[PDB]
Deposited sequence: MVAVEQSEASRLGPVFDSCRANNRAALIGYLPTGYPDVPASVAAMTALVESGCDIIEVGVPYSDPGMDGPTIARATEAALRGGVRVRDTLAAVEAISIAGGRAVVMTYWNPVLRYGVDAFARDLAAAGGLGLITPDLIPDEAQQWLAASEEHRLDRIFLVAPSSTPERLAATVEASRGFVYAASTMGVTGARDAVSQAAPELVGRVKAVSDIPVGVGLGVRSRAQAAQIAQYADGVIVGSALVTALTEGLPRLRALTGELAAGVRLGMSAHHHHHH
C-alpha cells in the first residue's frame, strides 16, 4: 500500500518542516566527483537526492543544469554511472530517486531499468517528459519493483489532466513552475489528494527555501546546488546547511 518516500514525508511533517530535495547530475564535473558531492548532500542534511541522468536533448532544464549535463556527456558519462551513484548514496544512508528523460530508459529497457534501480536501493523515478498517457509499461514496472513514480504537473495543467497525473503518481508530485503560481498549483493538488507535493522554483538561499516550506511538503533545489558544486565541494556543504535550516 504505502509509498517508498512516504515515511520520509511522514518524518518531516511530524518534525514541523518540509523535506529538502536536492538534485545533482551524474558525471559533473566527473563521475567520482559527482558521487562525492551526492554523498556530501546526505552528510549536509538533504532528505531525498535526485540523481540526474544526463541527456543530449533536455527540454525542461535551465541553463546551469544543461551546461553541467553537456560537460558530463563530453566526459563520457554512462547511464550505469547513475545506478552506481544511487548505490553509493544508499550505502551512506541517503534516500535516492532518479530523474531522467524517457529515451535512455527506453534504450535500457523499462522493466530492466526499474529492476536495476530497485537493486541499487533507488526509491523511485521522476519523469519530466513521460506523461501518464504513455506510462503503461512504466506503471507495471513501478508496481513490480516497488518504485515511486513522480510525474510533473504545471500551472497550465487542466483540471482533468492534473487529477489523472496525481492519481498516477506515488511518493510525491513534482509541481514544476516555469509569483503566486507555485502556491495555487500546490493548492489544486491538495484539493483532490493527500499525496506529498514537491516544489522547485530556482531556490538560492535559506530565506527562499523557508518561503516554500510554508505551503509545500518538499523543497526541490537543483540549479543552486550545481552552481555551488562548481565553486567547490566546501561551498556545496555550507549552502546545503543553509537550505536544510530554511526548511525548518
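Original post:
If you line up the deposited sequence with the model, which stretches have no C-alpha coordinates?
Top reply: No coordinates exist for the deposited residues in 1-7, 186-195, 266-276, so these stretches are absent from the model.
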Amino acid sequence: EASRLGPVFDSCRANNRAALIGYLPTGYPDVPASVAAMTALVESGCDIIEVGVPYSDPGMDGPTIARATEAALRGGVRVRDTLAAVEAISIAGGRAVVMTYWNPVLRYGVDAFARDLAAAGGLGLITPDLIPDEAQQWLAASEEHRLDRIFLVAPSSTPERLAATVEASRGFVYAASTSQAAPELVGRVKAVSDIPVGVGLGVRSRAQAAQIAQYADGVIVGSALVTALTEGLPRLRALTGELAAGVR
From here on, numbers count along this sequence of modelled residues.
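**OP:** Say whether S142, which has coordinates in the shown structure, is without coordinates in a third or more of the other compared entries.
**Re:** Other entries vs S142: none skip it.
Original post:
Is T178 missing in a third or more of the other PDB entries that were compared?
Top reply: Yes: coordinates for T178 absent from at least a third of the compared entries.
**OP:** Report the stretch with the higher mean CA temperature factor, choosing between 104-112 and 157-165 on the basis of the entry.
**Re:** According to the PDB entry, the answer is 157-165.
**OP:** Between 198-206 and 26-34, point out the one with the higher average CA B-factor as the PDB entry records it.
**Re:** Looking at the record's C-alpha B-factors, the answer is 198-206.
Original post:
Per the entry, which of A181, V53, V221, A68 tops the list for Cα B factor?
Top reply: Most elevated C-alpha B-factor of the set, per the entry: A181.
Original post:
By the record's CA B-factor, is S177 among the lowest, middle or highest third of residues in the chain?
Top reply: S177: CA B-factor falls in the highest third of its chain.
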